[PDB]
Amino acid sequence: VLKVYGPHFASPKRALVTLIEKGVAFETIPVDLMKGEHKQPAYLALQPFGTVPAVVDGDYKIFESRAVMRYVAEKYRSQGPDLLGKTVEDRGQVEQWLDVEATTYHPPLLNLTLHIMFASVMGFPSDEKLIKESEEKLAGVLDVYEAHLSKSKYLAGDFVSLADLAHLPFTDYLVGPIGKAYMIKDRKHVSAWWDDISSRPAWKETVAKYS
């Protein structure tokens, strides 16, 4: 059976929600950051960068949360919703917004996450200028989304996909523990899109089980 490392962190939830959307069986295995488990040889043999998630599916090993998403959506393509779209062009749009999430959307949001949610618990001083910069930067990204989502129901078109799902875990933080829900709520089309994808049963189940 397929196994996922680190379900309680945000990044692996990109993979968990995809597994649940596709109706795939899996088990999860915790990783104790506090005891440095992710920096010890056993976990490094799965994920050599020492970050989560890591996924082992029988003889097969794969890491990077969005790579895992793609692997699952391709392998189990014919069940559940098609999170890759139907055509090469559809899939191109999914990949495009998957890469926007990885390279443009996530990095400032990760900064807000580290400095607002884990400054205290990890023992880092909260970087107040970086917080202001990261928010301004994320707000510009969200303005682009707002325009796009007024002409398109989901990021890659009229169908929900991996690109939408990739936004769930850290945006859950943004509207929650990070305390900046207004960044989503104040943008009509972004806000309705968030209401849509974040109330899907697969995401609700992920959150009930792995928060």
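In this text, residue numbers run from 1 along the sequence as written.
The question of which stretch, 125 to 133 or 110 to 118, has the higher mean Cα B factor is settled in favour of 125 to 133. The PDB entry records a higher mean C-alpha B factor for 185 to 193 than for its counterpart among 185 to 193 and 10 to 18. The entry assigns its greatest Cα B factor, within the set 173, 43, 154, 26, to 173. If you compare the C-alpha temperature factors of 33, 54, 162, 67 in the entry, 33 comes out highest. Ranked by C-alpha B-factor against the other modelled residues of its chain, residue 61 falls in the middle third. Split the chain's modelled residues into thirds by C-alpha temperature factor. Residue 169 is in the lowest one.
The deposited CA B-factor of residue 77 belongs to the highest third of values across its chain. Looking at the C-alpha B-factors along this chain, the one for residue 180 belongs to the highest third.
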